[PDB]
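Engineer: Starting off with a structure, shown below.
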Amino acid sequence: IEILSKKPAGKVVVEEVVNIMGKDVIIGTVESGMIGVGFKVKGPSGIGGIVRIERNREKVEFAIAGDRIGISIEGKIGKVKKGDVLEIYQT
């Protein structure tokens, strides 16, 4: 619903975005910092929640810089494109 932190916990460069059964699945690489399940994604139009992270086809609770991951987001965040860098917030 809203972002409470001043600075991002991490950033993700989007490699591919797919919508499947009404949900955005984002493939990308953590560019800086770290992201975890439950963190907030600042999209162009909305704020989403990280629901799941997979790395090397394995569920993980968090990922750090250099990790290439898939992410499921909760909430409509607007149009995300390959090449966008999404800011991710602890709260």
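Residue numbers start at 1 in each chain; chains themselves are named A, B, ... in the order of the structure tokens; ligands are numbered from 1 in the order shown.
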Within 12 Å of residue A:64, counting only C-alpha atoms, which residues show up once you throw out same-chain ones fewer than 2 positions away? Write them as a list in words, please.
Structural biologist: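 Here the answer would be residues 9, 10, 11, 12, 28, 29, 30, 31, 32, 33, 34, 35, 36, 53, 55, 60, 61, 62, 66, 67, 68, 69 and 88 of chain A.
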Engineer: Store the residues of this selection in a file with C-alpha atoms, as a PDB file, in the first residue's frame.
Structural biologist:
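See out_22.pdb below for the written result:
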```pdb
ATOM      1  CA  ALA A   9      17.128  -1.983   0.497  1.00  0.00           C
ATOM      2  CA  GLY A  10      18.057  -3.220  -2.985  1.00  0.00           C
ATOM      3  CA  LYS A  11      17.573  -2.710  -6.744  1.00  0.00           C
ATOM      4  CA  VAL A  12      16.624  -5.230  -9.445  1.00  0.00           C
ATOM      5  CA  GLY A  28      16.136  -9.999 -13.211  1.00  0.00           C
ATOM      6  CA  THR A  29      19.402  -9.573 -11.340  1.00  0.00           C
ATOM      7  CA  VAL A  30      19.843  -7.863  -8.002  1.00  0.00           C
ATOM      8  CA  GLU A  31      21.961  -4.829  -8.867  1.00  0.00           C
ATOM      9  CA  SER A  32      22.789  -3.512  -5.392  1.00  0.00           C
ATOM     10  CA  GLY A  33      21.910  -4.372  -1.815  1.00  0.00           C
ATOM     11  CA  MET A  34      19.444  -7.145  -1.037  1.00  0.00           C
ATOM     12  CA  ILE A  35      15.790  -8.037  -1.335  1.00  0.00           C
ATOM     13  CA  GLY A  36      13.628 -10.349   0.746  1.00  0.00           C
ATOM     14  CA  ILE A  53      11.820 -15.439  -4.892  1.00  0.00           C
ATOM     15  CA  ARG A  55      17.106 -18.573  -7.586  1.00  0.00           C
ATOM     16  CA  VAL A  60      14.818 -18.619  -1.388  1.00  0.00           C
ATOM     17  CA  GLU A  61      13.813 -16.107   1.283  1.00  0.00           C
ATOM     18  CA  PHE A  62      16.246 -13.400   0.166  1.00  0.00           C
ATOM     19  CA  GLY A  66      24.660 -10.446  -8.386  1.00  0.00           C
ATOM     20  CA  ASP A  67      21.850 -12.987  -7.864  1.00  0.00           C
ATOM     21  CA  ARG A  68      19.758 -13.663 -10.914  1.00  0.00           C
ATOM     22  CA  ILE A  69      16.247 -14.442  -9.726  1.00  0.00           C
ATOM     23  CA  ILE A  88      12.913  -2.457  -3.439  1.00  0.00           C
TER      24      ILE A  88
END
```
Engineer: Taking 2 positions as the minimum chain separation for residues in the same chain, which residues sit within 7 Å of residue A:79 when counting only C-alpha atoms? Answer as a list in words.
Structural biologist: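 Contacts, in chain order: residues 44, 77 and 81 of chain A.
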Engineer: Suppose we keep N, CA, C and O atoms; can you now write the selection as a PDB file, in the first residue's frame?
Structural biologist:
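Below you can see out-v1.pdb, which holds the result:
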```pdb
ATOM      1  N   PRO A  44       6.071   1.761 -11.504  1.00  0.00           N
ATOM      2  CA  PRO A  44       5.729   3.055 -12.121  1.00  0.00           C
ATOM      3  C   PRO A  44       4.376   3.561 -11.638  1.00  0.00           C
ATOM      4  O   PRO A  44       4.241   4.759 -11.410  1.00  0.00           O
ATOM      5  N   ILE A  77       1.550  -2.968 -10.096  1.00  0.00           N
ATOM      6  CA  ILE A  77       2.593  -1.957  -9.982  1.00  0.00           C
ATOM      7  C   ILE A  77       2.748  -1.115 -11.251  1.00  0.00           C
ATOM      8  O   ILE A  77       3.552  -0.183 -11.282  1.00  0.00           O
ATOM      9  N   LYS A  81       9.079  -2.989 -17.831  1.00  0.00           N
ATOM     10  CA  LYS A  81       9.684  -3.380 -19.094  1.00  0.00           C
ATOM     11  C   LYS A  81      11.099  -3.896 -18.825  1.00  0.00           C
ATOM     12  O   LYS A  81      11.753  -3.431 -17.891  1.00  0.00           O
TER      13      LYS A  81
END
```
Engineer: Write down as a PDB file with C-alpha atoms, in the first residue's frame the residues of chain A whose backbone DSSP state falls under strand (DSSP E).
Structural biologist:
```
ATOM      1  CA  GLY A  10      18.057  -3.220  -2.985  1.00  0.00           C
ATOM      2  CA  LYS A  11      17.573  -2.710  -6.744  1.00  0.00           C
ATOM      3  CA  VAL A  12      16.624  -5.230  -9.445  1.00  0.00           C
ATOM      4  CA  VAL A  13      17.401  -4.776 -13.147  1.00  0.00           C
ATOM      5  CA  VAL A  14      14.548  -6.369 -15.073  1.00  0.00           C
ATOM      6  CA  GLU A  15      15.631  -8.897 -17.677  1.00  0.00           C
ATOM      7  CA  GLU A  16      12.127 -10.188 -18.624  1.00  0.00           C
ATOM      8  CA  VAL A  17       8.555  -9.587 -17.358  1.00  0.00           C
ATOM      9  CA  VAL A  18       5.700 -12.011 -17.879  1.00  0.00           C
ATOM     10  CA  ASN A  19       2.064 -11.871 -16.741  1.00  0.00           C
ATOM     11  CA  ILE A  20       0.644 -15.322 -15.981  1.00  0.00           C
ATOM     12  CA  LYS A  23       0.394 -12.029 -11.756  1.00  0.00           C
ATOM     13  CA  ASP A  24       3.658 -10.356 -12.806  1.00  0.00           C
ATOM     14  CA  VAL A  25       6.638 -12.643 -12.808  1.00  0.00           C
ATOM     15  CA  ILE A  26       9.862 -10.662 -13.075  1.00  0.00           C
ATOM     16  CA  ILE A  27      13.181 -12.198 -14.072  1.00  0.00           C
ATOM     17  CA  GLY A  28      16.136  -9.999 -13.211  1.00  0.00           C
ATOM     18  CA  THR A  29      19.402  -9.573 -11.340  1.00  0.00           C
ATOM     19  CA  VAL A  30      19.843  -7.863  -8.002  1.00  0.00           C
ATOM     20  CA  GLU A  31      21.961  -4.829  -8.867  1.00  0.00           C
ATOM     21  CA  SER A  32      22.789  -3.512  -5.392  1.00  0.00           C
ATOM     22  CA  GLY A  33      21.910  -4.372  -1.815  1.00  0.00           C
ATOM     23  CA  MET A  34      19.444  -7.145  -1.037  1.00  0.00           C
ATOM     24  CA  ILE A  35      15.790  -8.037  -1.335  1.00  0.00           C
ATOM     25  CA  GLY A  36      13.628 -10.349   0.746  1.00  0.00           C
ATOM     26  CA  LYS A  40       8.052  -3.559  -1.223  1.00  0.00           C
ATOM     27  CA  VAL A  41       8.486  -2.982  -4.967  1.00  0.00           C
ATOM     28  CA  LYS A  42       8.106   0.581  -6.189  1.00  0.00           C
ATOM     29  CA  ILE A  47       3.526  -0.555  -4.904  1.00  0.00           C
ATOM     30  CA  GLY A  48       3.791  -4.315  -4.863  1.00  0.00           C
ATOM     31  CA  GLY A  49       4.939  -6.908  -2.389  1.00  0.00           C
ATOM     32  CA  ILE A  50       7.445  -9.626  -3.010  1.00  0.00           C
ATOM     33  CA  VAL A  51       5.613 -12.866  -2.474  1.00  0.00           C
ATOM     34  CA  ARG A  52       8.249 -15.357  -3.632  1.00  0.00           C
ATOM     35  CA  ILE A  53      11.820 -15.439  -4.892  1.00  0.00           C
ATOM     36  CA  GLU A  54      13.449 -18.213  -6.817  1.00  0.00           C
ATOM     37  CA  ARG A  55      17.106 -18.573  -7.586  1.00  0.00           C
ATOM     38  CA  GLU A  58      14.926 -22.961  -5.940  1.00  0.00           C
ATOM     39  CA  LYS A  59      12.718 -21.045  -3.492  1.00  0.00           C
ATOM     40  CA  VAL A  60      14.818 -18.619  -1.388  1.00  0.00           C
ATOM     41  CA  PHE A  62      16.246 -13.400   0.166  1.00  0.00           C
ATOM     42  CA  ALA A  63      18.695 -12.548  -2.613  1.00  0.00           C
ATOM     43  CA  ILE A  64      21.727 -10.255  -2.794  1.00  0.00           C
ATOM     44  CA  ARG A  68      19.758 -13.663 -10.914  1.00  0.00           C
ATOM     45  CA  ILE A  69      16.247 -14.442  -9.726  1.00  0.00           C
ATOM     46  CA  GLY A  70      12.572 -14.794 -10.522  1.00  0.00           C
ATOM     47  CA  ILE A  71      10.178 -12.769  -8.353  1.00  0.00           C
ATOM     48  CA  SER A  72       6.377 -12.916  -7.917  1.00  0.00           C
ATOM     49  CA  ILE A  73       4.831  -9.633  -7.004  1.00  0.00           C
ATOM     50  CA  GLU A  74       1.541  -8.943  -5.178  1.00  0.00           C
ATOM     51  CA  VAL A  85      15.574  -0.908 -12.520  1.00  0.00           C
ATOM     52  CA  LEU A  86      13.055  -1.514  -9.727  1.00  0.00           C
ATOM     53  CA  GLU A  87      13.742  -0.069  -6.267  1.00  0.00           C
ATOM     54  CA  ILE A  88      12.913  -2.457  -3.439  1.00  0.00           C
ATOM     55  CA  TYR A  89      12.183  -1.326   0.116  1.00  0.00           C
TER      56      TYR A  89
END
```
Engineer: Can you tell me how far atom CA of residue A:91 sits from atom CA of residue A:56, in Å to one decimal?
Structural biologist: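 Interatomic distance, atom CA of residue A:91 to atom CA of residue A:56: 26.4 Å.
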Engineer: Would you compute the distance between atom CA of residue A:5 and atom CA of residue A:37? Give it in Å to one decimal.
Structural biologist: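 Those two atoms sit 16.0 Å apart.
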Engineer: Given the choices A:57, A:7, A:39, A:1, which gets closest to residue A:75 if the distance is worked out from only C-alpha atoms?
Structural biologist: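 That would be A:1, the residue with the smallest distance to residue A:75.
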Engineer: Of the candidates A:8, A:2, A:65, A:22, which shows the shortest atom-to-atom distance to residue A:90, using only C-alpha atoms?
Structural biologist: A:8
